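A short write-up of the structure that comes next.
Hydrogens, waters and symmetry mates are skipped; everything else that's a heavy atom, side chains included, is used. Here is how names work: the chains are called A, B, and so on, in the same order as the sequence lines, proteins then strands, and each is numbered from 1.
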Amino acid sequence: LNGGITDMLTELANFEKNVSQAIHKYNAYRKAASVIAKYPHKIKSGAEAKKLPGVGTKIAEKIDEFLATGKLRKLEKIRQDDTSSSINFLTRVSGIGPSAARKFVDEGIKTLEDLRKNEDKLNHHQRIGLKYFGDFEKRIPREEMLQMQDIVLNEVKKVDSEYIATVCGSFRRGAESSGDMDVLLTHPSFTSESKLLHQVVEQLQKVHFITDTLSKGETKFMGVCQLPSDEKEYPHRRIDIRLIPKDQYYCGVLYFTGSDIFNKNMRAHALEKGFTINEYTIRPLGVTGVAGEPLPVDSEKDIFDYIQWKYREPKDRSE
DNA sequence: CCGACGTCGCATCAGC
DNA sequence: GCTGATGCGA
DNA sequence: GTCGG
Ligand code: NA
Ligand code: NA
């Protein structure tokens, strides 16, 4: 319908992020892309698009140029620019953001092949990102996620049957595929006013599910895992595990379940009901707008009750 | 006209 | 060596 | 780049 347009805008979004380092222009173009990607008509003019929220004068102008000419002179030009296309490309490596990508390209390091010849200039994160560059850009089919989940919950329970672990993200909402695995972990002994993560990562490495570590501290692990394999080996996958204190666990599960759009509406509703919800806690707003103490939460539902909404199933939380 | 555009954990850098 | 800033990803 | 106080 409007794929020419959404791809044009997504493309522009990446050059702002990765090349111009203008994070707010990346989000402007991304949000324009989203609003158009959902508009149920073939767009005829920039003025038509302009009516949608997220589309201003400058994107209206660019849509007019695309509609009339079938391209955008500025994109054509930036696309063919050696420096910029290279910088934009390198940022597809996990661990290389806009600033490292610039630095590499400044010194002549432009390609994956170049990165491979210069391992010594790569931090640990970036080396892992390069090693699995292709695997990381693959989606994970639900079936595989179900098998990953089988392993995580088994090994977690076996370290201590009192841990609670929940796989969140779009998988928890029922998506047919996923980009990574986001595990939320708590234990009754860990509260806000209270090695729990390390023992779980350790057991997942002992059975060779976790193959690599990007980062790991007392509350957050980010790394790489692989299902056990005649068959061709499974792709390596991104898994994060976070340890959240129990009295904030369900605020965390609700947040990390999303979608983004749902959480936004839920936060809207709560405000009008005189509550403030974030990732950690729900709190009452006083008459002048002063937030008081976090309220006890023991299930997701508790949160919905506080703001007089009806428990919605992960499956029904796209908006 | 002009500021907001989430916020934070970890790894690593820059300054002292 | 210590502390706070930065880059990055989420 | 877009919105909005
Ligand atoms: Na508009
Ligand atoms: Na990157």
Side-chain angles (χ1 to χ4, degrees), chain A residues 5 8-36 46 49-63 72 74-75 87 90-104 120-130 132 136-137 167-171 178-185 197-198 201 212-224 237-245 248 251-253 255-261 263-264 266-268 271 276-281:
Chain A
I5 298 185
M8 163 184 99
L9 297 183
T10 303
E11 250 205 91
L12 290 172
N14 296 328
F15 291 108
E16 299 292 351
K17 175 158 57 92
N18 303 332
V19 173
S20 293
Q21 296 169 214
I23 185 64
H24 303 306
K25 296 202 194 177
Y26 157 77
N27 287 313
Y29 278 124
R30 259 171 86 232
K31 137 187 212 199
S34 288
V35 70
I36 284 171
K50 197 181 199 325
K51 304 200 303 253
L52 297 175
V55 180
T57 290
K58 289 280 216 61
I59 286 171
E61 271 156 24
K62 295 166 148 88
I63 283 169
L72 236 215
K74 277 181 208 177
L75 192 42
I87 292 164
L90 289 186
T91 63
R92 286 162 60 184
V93 184
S94 177
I96 299 185
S99 173
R102 175 71 39 98
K103 271 193 59 184
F104 289 138
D120 50 85
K121 310 184 159 180
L122 266 53
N123 74 20
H124 180 75
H125 183 141
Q126 291 167 344
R127 283 177 200 173
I128 302 312
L130 166 63
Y132 304 119
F136 283 176
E137 301 198 329
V167 182
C168 296
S170 56
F171 170 77
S178 284
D180 62 6
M181 161 166 282
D182 200 9
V183 188
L184 273 69
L185 181 80
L197 175 52
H198 155 92
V201 172
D212 299 273
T213 295
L214 298 169
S215 69
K216 169 164 136 36
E218 288 174 35
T219 75
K220 194 180 196 161
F221 168 90
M222 306 177 51
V224 184
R237 312 297 199 181
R238 281 282 294 106
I239 178 161
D240 290 342
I241 301 156
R242 335 153 187 270
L243 183 78
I244 295 184
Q248 305 185 161
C251 277
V253 165
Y255 183 81
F256 290 104
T257 302
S259 60
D260 290 330
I261 278 156
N263 288 349
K264 206 290 201 180
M266 192 162 171
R267 285 196 300 271
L271 277 198
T276 203
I277 295 169
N278 65 16
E279 169 191 341
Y280 311 107
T281 66

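- The residue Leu12(A) sits apart from the nucleic acid: no heavy atom pair falls under 4.0 Å.
- With sequence neighbours excluded, no residue forms a salt bridge (charged side-chain N to carboxylate O under 4.0 Å, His left out) with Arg267(A).
- If you check every strand for non-hydrogen atoms under 4.0 Å, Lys58(A) touches sugar and phosphate atoms only.
- Scanning for side chain to side chain donor-acceptor pair (under 3.5 Å) contacts around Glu11(A) gives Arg79(A), with sequence neighbours left out.
- Applying the side-chain contact (heavy atoms from CB on, under 4.5 Å) test to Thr10(A) and every residue at least two apart in sequence or in another chain returns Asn14(A), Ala33(A).
- The salt bridge (charged side-chain N to carboxylate O under 4.0 Å, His left out) test applied to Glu61(A) returns no partner, not counting sequence neighbours.
- One P atom belongs to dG9(B), the other to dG1(D), and the distance between them is 33 Å to the nearest Å.
- Residues satisfying the side-chain contact (heavy atoms from CB on, under 4.5 Å) test with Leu271(A), not counting sequence neighbours, are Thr276(A), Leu285(A).
- Taking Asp180(A) as the reference, nothing meets the salt bridge (charged side-chain N to carboxylate O under 4.0 Å, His left out) condition, with sequence neighbours excluded.
- In this structure, CG in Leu12(A) is found 13.5 Å from OH in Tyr26(A), a value given to the nearest 0.5 Å.
- Between chain A and DNA chain B, the heavy-atom contact criterion of under 4.0 Å yields a 5' to 3' nucleotide range of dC5(B) to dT12(B).
- Each of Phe221(A) and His24(A) was assigned the nucleotide of DNA chain B with the nearest heavy atom; the assignment lying further toward the 5' end belongs to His24(A).
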Inset, instruction - Heavy atoms under 4.0 Å is the rule here; annotate nucleotides 1-10 of chain C 5' to 3' with B where the base is hit, S where only the sugar-phosphate is, and - elsewhere. - result: ------SSSS

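- Remark: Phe136(A) engages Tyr132(A) in a ring-ring contact (aromatic ring centres under 6.0 Å, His included) (not counting sequence neighbours).
- For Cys168(A), the side-chain contact (heavy atoms from CB on, under 4.5 Å) partners are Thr166(A), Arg172(A), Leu184(A), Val253(A), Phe256(A), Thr257(A), not counting sequence neighbours.
- In summary, contact between chain A and DNA chain D, defined as any nucleotide atom under 4.0 Å from a heavy atom of the protein, begins and ends at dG1(D) to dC3(D) in the 5' to 3' direction.
- With sequence neighbours left out, the salt bridge (charged side-chain N to carboxylate O under 4.0 Å, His left out) criterion links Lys58(A) to no other residue.
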